[PDB]
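Quick setup: one chain, the form deposited without the named molecule, written in structure tokens, and binding and motion questions come after.
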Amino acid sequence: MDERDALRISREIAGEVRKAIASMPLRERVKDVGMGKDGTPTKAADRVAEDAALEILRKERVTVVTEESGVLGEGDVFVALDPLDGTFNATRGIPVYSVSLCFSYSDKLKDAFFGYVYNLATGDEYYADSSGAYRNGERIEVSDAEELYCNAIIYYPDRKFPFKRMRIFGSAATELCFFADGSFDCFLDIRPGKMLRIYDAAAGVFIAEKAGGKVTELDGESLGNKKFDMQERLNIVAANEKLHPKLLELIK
């Protein structure tokens, strides 16, 4: 498989996933249907979403990692999948939630060749391959935000901070694409618990990097060897080249 195929498959899935959820009323959406492999409630909206995506990835030779079902298949191309990133918003009808797809030629983040995040409430399509990163077919780049006095997305502000704005929308994949296109100056998940997961973050991170952002763990080190399995966890500091060090500086 290659980048154009991943892009064709991802679009297949988003189209099918968006119709599975769009026609499901909030009342149906919010009901628990099971417990995820990941340990949290599977909501009905997650499993309808998760089901439309699996019927596509099934016909392809891959190893998929997902929240509800977990590790699946035995293909050489690994897929980190969040069929529904922003479930809480979806169940509440808040228009910020996405499908997120990251494909890798190995079990580790550093071998990623495609990343895709599709917001299912707006039709906004974000992706990245070798030719760069795009929003709805258009080239995107991080901001040239060199001041600390900037627009941050952060999980979770814990103290006084110097940001012009602070936002938290409930969809990490999607907010990583808000960083990537330059609509926010940085993204931070510095929760000491290290609560962000690999299917949640991998499409976003890769996309953010293709758009020029620097994307590291808490301490500035590379995420390159993050594993596409259920037990991986991460923290994230992401901003352009000049701003990134100041941020690391800030939180240290």
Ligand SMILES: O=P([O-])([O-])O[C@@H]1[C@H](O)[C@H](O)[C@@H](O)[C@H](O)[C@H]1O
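Sequential numbering from 1, following the sequence displayed.
Here the subject shifts to the form solved in complex with the named molecule, a form of this protein not shown in this document.
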*asked:* Please identify the residue among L84, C177, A128, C102 with any heavy atom within 4.5 Å of the named molecule in the deposited bound form.
replied: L84
*Could you check which residue among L109, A172, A133, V79 gets a heavy atom within 4.5 Å of the named molecule in the deposited bound form?*
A172
*With heavy atoms only and a cut-off of 4.5 Å, decide whether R61 touches the named molecule in the deposited bound form.*
no
*Look up in the deposited bound form whether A44 has a non-hydrogen atom within 4.5 angstroms of the named molecule, and give yes or no.*
no
*With heavy atoms only and a cut-off of 4.5 Å, decide whether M35 touches the named molecule in the deposited bound form.*
no
*asked:* Taking the named molecule as it sits in the deposited bound form, is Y155 in contact with it (heavy atom to heavy atom, 4.5 Å or less)?
replied: yes
*Out of 222 to 230, 53 to 61, 191 to 199, 207 to 215, where are the residues with a heavy atom within 4.5 Å of the named molecule in the deposited bound form?*
191 to 199
